[PDB]
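Here is the structure we will look at, set down as structure tokens.
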Amino acid sequence: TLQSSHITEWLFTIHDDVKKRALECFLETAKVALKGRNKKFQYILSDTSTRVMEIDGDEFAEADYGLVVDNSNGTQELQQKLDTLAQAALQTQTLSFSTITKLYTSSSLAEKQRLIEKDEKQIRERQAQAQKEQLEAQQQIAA
Amino acid sequence: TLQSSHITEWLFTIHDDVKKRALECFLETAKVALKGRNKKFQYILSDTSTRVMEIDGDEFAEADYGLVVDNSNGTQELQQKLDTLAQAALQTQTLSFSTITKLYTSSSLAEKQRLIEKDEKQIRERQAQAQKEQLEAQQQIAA
Amino acid sequence: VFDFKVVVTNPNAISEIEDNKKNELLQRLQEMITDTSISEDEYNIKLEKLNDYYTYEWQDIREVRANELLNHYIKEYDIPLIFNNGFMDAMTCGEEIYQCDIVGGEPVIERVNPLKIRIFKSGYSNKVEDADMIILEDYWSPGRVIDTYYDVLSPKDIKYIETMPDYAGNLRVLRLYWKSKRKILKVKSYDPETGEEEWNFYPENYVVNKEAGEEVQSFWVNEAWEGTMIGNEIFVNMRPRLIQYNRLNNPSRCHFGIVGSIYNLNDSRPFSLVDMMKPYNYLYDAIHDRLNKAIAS
Amino acid sequence: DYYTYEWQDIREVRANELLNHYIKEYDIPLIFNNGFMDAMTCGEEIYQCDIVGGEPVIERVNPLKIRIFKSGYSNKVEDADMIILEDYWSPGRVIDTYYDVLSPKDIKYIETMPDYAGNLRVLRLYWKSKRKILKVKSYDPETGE
Amino acid sequence: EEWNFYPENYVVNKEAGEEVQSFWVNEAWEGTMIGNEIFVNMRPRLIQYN
Amino acid sequence: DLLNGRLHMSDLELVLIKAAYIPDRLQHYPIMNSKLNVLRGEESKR
Amino acid sequence: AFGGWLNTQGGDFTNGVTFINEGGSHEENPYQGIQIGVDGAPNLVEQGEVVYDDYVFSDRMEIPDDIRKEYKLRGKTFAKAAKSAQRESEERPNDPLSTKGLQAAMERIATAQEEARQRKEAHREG
Amino acid sequence: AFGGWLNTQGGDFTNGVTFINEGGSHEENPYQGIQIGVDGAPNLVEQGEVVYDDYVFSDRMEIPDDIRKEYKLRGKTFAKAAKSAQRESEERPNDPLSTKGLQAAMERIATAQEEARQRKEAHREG
Amino acid sequence: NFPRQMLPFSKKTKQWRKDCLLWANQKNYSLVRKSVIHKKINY
Ligand SMILES: [Mg+2]
Ligand SMILES: [Mg+2]
Numbered sequence: 564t565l566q567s568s569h570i571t572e573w574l575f576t577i578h579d580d581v582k583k584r585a586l587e588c589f590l591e592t593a594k595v596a597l598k599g600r601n602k603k604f605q606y607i608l609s610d611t612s613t614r615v616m617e618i619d620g621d622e623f624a625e626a627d628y629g630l631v632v633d634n635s636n637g638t639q640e641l642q643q644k645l646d647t648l649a650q651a652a653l654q655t656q657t658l659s660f661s662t663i664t665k666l667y668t669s670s671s672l673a674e675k676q677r678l679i680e681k682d683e684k685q686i687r688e689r690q691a692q693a694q695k696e697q698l699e700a701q702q703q704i705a706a
Numbered sequence: 564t565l566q567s568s569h570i571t572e573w574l575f576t577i578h579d580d581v582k583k584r585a586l587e588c589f590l591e592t593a594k595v596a597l598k599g600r601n602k603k604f605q606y607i608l609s610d611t612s613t614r615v616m617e618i619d620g621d622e623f624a625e626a627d628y629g630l631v632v633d634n635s636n637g638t639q640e641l642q643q644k645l646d647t648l649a650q651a652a653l654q655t656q657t658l659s660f661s662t663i664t665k666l667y668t669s670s671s672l673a674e675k676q677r678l679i680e681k682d683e684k685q686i687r688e689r690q691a692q693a694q695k696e697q698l699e700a701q702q703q704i705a706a
Numbered sequence: 102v103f104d105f106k107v108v109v110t111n112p113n114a115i116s117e118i119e120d121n122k123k124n125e126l127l128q129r130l131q132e133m134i135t136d137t138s139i140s141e142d143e144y145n146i147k148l149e150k151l152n153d154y155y156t157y158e159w160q161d162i163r164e165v166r167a168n169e170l171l172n173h174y175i176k177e178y179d180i181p182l183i184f185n186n187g188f189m190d191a192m193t194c195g196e197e198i199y200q201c202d203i204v205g206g207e208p209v210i211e212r213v214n215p216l217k218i219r220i221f222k223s224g225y226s227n228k229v230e231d232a233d234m235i236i237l238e239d240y241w242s243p244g245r246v247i248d249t250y251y252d253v254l255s256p257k258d259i260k261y262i263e264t265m266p267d268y325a326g327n328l329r330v331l332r333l334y335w336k337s338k339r340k341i342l343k344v345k346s347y348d349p350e351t352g353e354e355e356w357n358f359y360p361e362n363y364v365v366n367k368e369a370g371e372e373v374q375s376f377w378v379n380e381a382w383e384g385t386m387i388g389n390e391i392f393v394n395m396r397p398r399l400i401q402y403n404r405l406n407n408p409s410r411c412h413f414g415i416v417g418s419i420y421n422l423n424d425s426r427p428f429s430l431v432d433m434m435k436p437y438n439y440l441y442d443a444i445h446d447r448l449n450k451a452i453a454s
Numbered sequence: 153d154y155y156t157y158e159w160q161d162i163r164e165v166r167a168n169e170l171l172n173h174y175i176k177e178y179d180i181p182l183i184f185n186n187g188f189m190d191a192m193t194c195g196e197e198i199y200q201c202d203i204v205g206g207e208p209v210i211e212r213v214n215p216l217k218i219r220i221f222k223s224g225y226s227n228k229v230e231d232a233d234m235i236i237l238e239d240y241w242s243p244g245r246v247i248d249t250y251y252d253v254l255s256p257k258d259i260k261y262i263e264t265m266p267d268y325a326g327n328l329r330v331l332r333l334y335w336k337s338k339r340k341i342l343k344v345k346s347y348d349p350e351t352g353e
Numbered sequence: 354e355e356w357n358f359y360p361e362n363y364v365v366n367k368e369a370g371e372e373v374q375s376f377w378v379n380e381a382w383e384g385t386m387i388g389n390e391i392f393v394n395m396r397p398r399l400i401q402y403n
Numbered sequence: 052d053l054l055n056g057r058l059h060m061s062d063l064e065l066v067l072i073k074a075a076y077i078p079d080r081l082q083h084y085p086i087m088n089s090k091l092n093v094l095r096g097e098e099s100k101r
Numbered sequence: 425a426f427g428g429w430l431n432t433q434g435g436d437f438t439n440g441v442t443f444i445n446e447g448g449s450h451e452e453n454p455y456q457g458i459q460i461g462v463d466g467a468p469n470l471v472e473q474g475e476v477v478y479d480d481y482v483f484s485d486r487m488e489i490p491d492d493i494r495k496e497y498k499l500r501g502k503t504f505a506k507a508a509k510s511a512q513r514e515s516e517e518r519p520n521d522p523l524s525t526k527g528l529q530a531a532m533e534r535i536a537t538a539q540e541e542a543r544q545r546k547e548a549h550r551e552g
Numbered sequence: 425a426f427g428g429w430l431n432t433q434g435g436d437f438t439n440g441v442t443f444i445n446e447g448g449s450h451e452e453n454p455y456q457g458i459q460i461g462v463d466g467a468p469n470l471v472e473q474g475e476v477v478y479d480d481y482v483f484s485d486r487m488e489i490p491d492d493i494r495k496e497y498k499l500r501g502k503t504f505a506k507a508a509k510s511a512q513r514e515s516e517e518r519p520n521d522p523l524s525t526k527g528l529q530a531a532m533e534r535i536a537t538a539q540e541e542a543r544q545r546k547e548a549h550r551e552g
Numbered sequence: 006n007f008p009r010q011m012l013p014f015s016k017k018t019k020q021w022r023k024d025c026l027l028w029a030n031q032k036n037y038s039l040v041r042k043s044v045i046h047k048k049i050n051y
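Chains as they are written, first to last, in the UniProt record's numbering: chain A, 564 to 706; chain B, 564 to 706; chain C, 102 to 268, 325 to 454; chain D, 153 to 268, 325 to 353; chain E, 354 to 403; chain F, 52 to 67, 72 to 101; chain G, 425 to 463, 466 to 552; chain H, 425 to 463, 466 to 552; chain I, 6 to 32, 36 to 51.
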């Protein structure tokens, strides 16, 4: 059935391209709607999301800023690697259940990447200060 | 039989869309019924649920607040990840049997996510104060 | 698999307005527990109960409420069976319709017979929400009309229900749903504290506050109306539809309880499954007629 | 925790938030399935993105109800200079879409139609006009750039 | 403001702001006939599925 | 129309009818519908 | 009870206005009124008055024409003005525009009544 | 409200210019103006003025022909000049070129008004 | 004839609504639906 799927994969490829372009067109439409005094966007967006419009670059296409709607094997593979990496962090006590839940409910690879990097930094810093505290406690005991 | 299931999946897709919309229409109808002096809702709802109506935003569609009726692979996958994560928390003595039972009887992904985050915080805090208590006990023994 | 849950689309997306509404709700709960708790006997119990709601968010509380409502009513009404019946209707007709209404104070959901709904003023739209006017004509029992309109039926109407000859003894219930028009005012006001322009929508009876910079305009906006006729003499619930299916930004967006779809192709009439199996069934019947006549001879 | 973020990260989060919410709200995949059927019947798949009622909306265009002019043998529909969309809308839809610009005379026109379906012919013209703009060359005051 | 439902024999408490209305409401009744001469349990159905 | 089960006699010959009866009109057997439904269903499940 | 209520489809929906009817005048009622609630604990009210947001609109007081022209009142009394301002909201207690309009109208009528009461008090003390 | 706003397709899009209309003159308004905001806390403005980027263009002041020729103003007053400079941006509040042109024009008209005010102040003190 | 809907809420009286319902009784063509006889035959 795969070899027959090859016969129609061209229809599916042009369909996928049209879908990517239609979602980019919807994204630009939504961007323009943001600056139209609609309180709905205050509910579905963060604070930083609603302040991005205050900068003077928001009138232009997102593809000009390095942001593109993408449904390709690269994106899916990146999502899988990030999810598996977060699971591997959960064991070894390197990543919290709360931040795991945040990764499960993120929708953005950048967001979950930043969450993982965050937790790495806080566990590393707390470990380092723990070693420093124990060392100085031993030193002052000896003193 | 899968390839034949493809022939009727379009009927099933439009059916699923109609069901999602009918459940949204039922949800708005129930929201309007809440403010109709019916004591039934005091039994099937929490306190906070029955106080949400007191805020001045309850006349409008839930889709305008970021809440949508959804039966898609994303929702099912999120439910599975949360359930498996709760199981993995149960071992390692990170999550209580009571709160596990609450997760099994929640119906909302937000509720069970918050329950897991809760228990993470209380076990972490009790562990930290345990270490502090032991350390100060040793220190005052030495003193 | 049937698990339709209300989910927050962007659960990591919290804003200042959501936080303000959350704070309002927590203050209200605090006031209620102070009112009910009798001098520390259970005040600490209430605080212990509502402490874990601090880590919640406005969207979380709304989603819990919506899930609670849908969960209970799905289990109570056996909604999946209603959907199975509607799916059968869709495969026979290419039309699947459901009505959401309040009856007896509770929300109810019903499957509409495709032969007993007259949908007017739509724009080649396969969705039933897009109609401007729908008429539902069906024959109800006297028990059902008294179950549904006890609090508005006059004694004259109930005498009418008695005095009918009752030669089935049902009543013709015709329900009209129609989008009327209302005049509303778009008033532009300045925030007193900060020089920020603000917009609001008010009815026509609102008096614009001159001497404060408020300037007004008049728009005509859709309003969903309903009205019911029982038999030929009773006239009940003629008013704006109390369930206005409203949207945040558009005052004109409203519809009726009726929701459905046409299983059609490109703004055409639906070519249903039964339609595309029927010619074969007729040929089968004719050929089996020949077979039976051969068997007889 | 937003200090470790970057500008591109914040923009990507906002865009993902918008697309996530509206994909789940509108059931966009079903719209795309209908358009795919249109493409297999016609070889033409078209979608329109617009603001209606202040929110962004996405709709599938009937291939028989779009007149695409002034394209250059281009298989893409974005490349057209002029498109006309003729369709029959209900009065409720036109009042939902143009309440804030319809005059009282126009609404009286909507009333006074005989209504013998009772829909309205909505013809929408899209066309690339031309504007005169100025390309001004200035020097940065601080540096001779 | 509070609402309650009472039978017809209830006397509305004037001088306290109580105003009343009259509705006609379904009641389930039952009655049994055995043979042709016996008449038993003619009353409102004691199991009102309320 | 072919997908909706309607056959135009003018699209496959010269018409030398407008009555909806087979002794002068032609049946349509929608054998193309299943093929396109397969592809739309796979599109949905991708 | 039809006073500021829309009891339809088996529910009881209100626009917030409390038509306090059937009690009687303060002197005619043995309990000096209806005594809606306890807060001054004796919150007494007569048959003609209406209440919105715990604010009482008095029926015995009249509308000066000076206060009629500005704020654009319609009823002959303040209670009648409140009853006329809330007609639009009775049949649609759930509509956000109706709730906003009712709130605005009730604030206007409240301010008008306060102005009238100040004027009468100043004149009487004069 | 049509004053510096494009309310179309169910949204409210502005080019930033605030047509402060319907209030009245400072003397005719009981509150001495509209009082748009609090910052001097009494930020009072009359019906003829327009505001861009928290800068008020005065309608009562006239345009000297010396200041007409340079900076190339069109209106008879500074408020009218601002109203004429922003005509191009009203119908396209989202266009980057329109926003840049509006910013440039508003800066020019602001500098012209400051020059006129300095000249009038110096002449009056003279 | 369906009554006029460009009225203020005050002029939408009881007889106006009764007229709406009488029109509904006086009475089907749709653009994306089959005839009732067709659906009845299918069922
Ligand atoms: Mg949110
Ligand atoms: Mg309960």
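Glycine included, each C-beta is placed from N, C-alpha and C at the ideal position.
**Report entry** Collapsed DSSP secondary structure at residue 600 (chain A) in the structure displayed
**Finding:** Residue 600 (chain A) sits at position 37 when you count from the first residue of the first sequence. Coil.
Query raised in the report: When you compare only the Cα positions, how much space is there between residue 685 (chain B) and residue 609 (chain B)?
Result: Here residue 685 (chain B) refers to the residue found at position 122 of the second sequence. Here residue 609 (chain B) refers to the residue found at position 46 of the second sequence. Rounded to whole angstroms, residue 685 (chain B) to residue 609 (chain B) spans 23 Å at the Cα level.
Query raised in the report: Does any C-beta atom of chain J lie closer than 8 Å to the C-beta of residue 607 (chain A)?
Result: No chain J is present in this structure, whose protein chains are A, B, C, D, E, F, G, H and I.
Query raised in the report: Taking 7 Å as the cut-off, does the CB of residue 489 (chain G) come closer than this to any heavy atom belonging to ligand 1?
Result: Taking the first residue of the seventh sequence as position 1, residue 489 (chain G) is located at position 63. Result no, Cβ not under 7 Å from ligand 1.
Requested in this report: Could you list which residues in chain H have their beta carbon closer than 7 Å to that of residue 348 (chain D), in chain order?
Outcome: In the fourth sequence, residue 348 (chain D) corresponds to position 140, counting from 1. None at all; the shortest Cβ gap to chain H is about 16 Å.
Query raised in the report: Does any C-beta atom of chain B lie closer than 8 Å to the C-beta of residue 664 (chain A)?
Result: What you label residue 664 (chain A) is simply residue 101 of the first sequence in a count that begins at 1. Interface residue, yes.
Query raised in the report: Going by the beta-carbon positions, is the gap between residue 206 (chain D) and residue 466 (chain H) smaller than 8 Å?
Result: Sequence index remark: in the fourth sequence, residue 206 (chain D) carries index 54 (1-based). Sequence index remark: in the eighth sequence, residue 466 (chain H) carries index 40 (1-based). Result no, Cβ atoms of residue 206 (chain D) and residue 466 (chain H) do not sit closer than 8 Å.
Query raised in the report: Taking 7 Å as the cut-off, does the CB of residue 606 (chain B) come closer than this to any heavy atom belonging to ligand 2?
Result: Translated into the one-based positions of the second sequence, residue 606 (chain B) becomes position 43. Yes; taking the cut-off as 7 Å, the Cβ of residue 606 (chain B) has a heavy atom of ligand 2 nearer than that.
Query raised in the report: Comparing alpha-carbon positions, which option in H:522, H:531, H:496 lies nearest residue 505 (chain H)?
Result: Here residue 505 (chain H) corresponds to residue number 79 of the eighth sequence, with the count starting at 1. Checking every option, the nearest Cα to that of residue 505 (chain H) belongs to H:531.
Query raised in the report: Relative to the C-alpha of residue 209 (chain C), which residue among C:170, C:255, C:196, C:123 is closest?
Result: Stepping through the third sequence from its first residue, residue 209 (chain C) is reached at position 108. When each option's Cα is compared against that of residue 209 (chain C), the closest is C:170.
Query raised in the report: Where does residue 251 (chain D) sit, in a helix, a strand or coil, going by DSSP?
Result: One-based indexing of the fourth sequence puts residue 251 (chain D) at position 99. Residue 251 (chain D) falls in the coil class under three-state DSSP.
Query raised in the report: In or out: residue 552 (chain H) buried (at least 16 other Cβ within 10 Å) or exposed?
Result: On the eighth sequence, position 126 is the one that residue 552 (chain H) refers to. That one is exposed.
**Report entry** Exposure label - residue 590 (chain B); buried when at least 16 CB within 10 Å
**Finding:** Along the second sequence, one-based indexing puts residue 590 (chain B) at 27. Its Cβ being crowded by 16 or more others within 10 Å, residue 590 (chain B) is buried.
Query raised in the report: Of the choices G:444, G:511, G:426, whose alpha-carbon is the least far from that of residue 525 (chain G)?
Result: By 1-based counting over the seventh sequence, the position of residue 525 (chain G) is 99. Considering only alpha carbons, the answer is G:511.
Query - Between the CA atoms of residue 163 (chain C) and residue 150 (chain C) - distance to the nearest angstrom - result: For the purposes of this step, residue 150 (chain C) is identified with residue 49 of the third sequence, where counting begins at 1. For the purposes of this step, residue 163 (chain C) is identified with residue 62 of the third sequence, where counting begins at 1. Going from the Cα of residue 150 (chain C) to the Cα of residue 163 (chain C) covers about 18 Å.
Query raised in the report: Since residue 108 (chain C) sits in a beta bridge, which residues does DSSP pair it with?
Result: What you label residue 108 (chain C) is simply residue 7 of the third sequence in a count that begins at 1. Note: residue 108 (chain C) sits in a beta bridge opposite B:631.
Query raised in the report: Who pairs with residue 476 (chain H) in a beta bridge, going by DSSP?
Result: For the purposes of this step, residue 476 (chain H) is taken as the residue at position 50 of the eighth sequence. Note: residue 476 (chain H) sits in a beta bridge opposite H:443, H:483.
Query raised in the report: Mapping DSSP to helix, strand and coil, what is residue 504 (chain G)?
Result: As a position in the seventh sequence, residue 504 (chain G) is number 78, starting the count at 1. Of the three classes helix, strand and coil, the one that applies to residue 504 (chain G) here is helix, per DSSP.
**Report entry** Short Cβ contact (8 Å threshold) for residue 199 (chain C) with residue 416 (chain C)
**Finding:** As a first step, residue 199 (chain C) must be located in the third sequence, where it is residue number 98. As a first step, residue 416 (chain C) must be located in the third sequence, where it is residue number 259. The answer is yes: Cβ separation under 8 Å.
Requested in this report: Anything in chain G within Cβ reach of residue 368 (chain E), meaning under 8 Å, just list it in chain order.
Outcome: Here the question's residue 368 (chain E) lines up with position 15 in the fifth sequence. Result: 447, 448, 453, 454, 455.
Query raised in the report: Would the beta-carbon of residue 485 (chain H) fall within 8 Å of that of residue 503 (chain H)?
Result: Translated into positions along the eighth sequence, residue 485 (chain H) becomes position 59. Translated into positions along the eighth sequence, residue 503 (chain H) becomes position 77. The answer is yes: Cβ separation under 8 Å.
Report task. Name, going along the chain, the residues of the segment 587 to 606 of chain B whose beta-carbon falls closer than 7 Å to a beta-carbon of chain C. Result -> 588, 589, 590, 591, 592, 593, 595, 596, 599, 601, 603
Query raised in the report: In or out: residue 549 (chain G) buried (at least 16 other Cβ within 10 Å) or exposed?
Result: Within the seventh sequence, the letter at position 123 stands for residue 549 (chain G). When all chains shown are included, residue 549 (chain G) counts as exposed.
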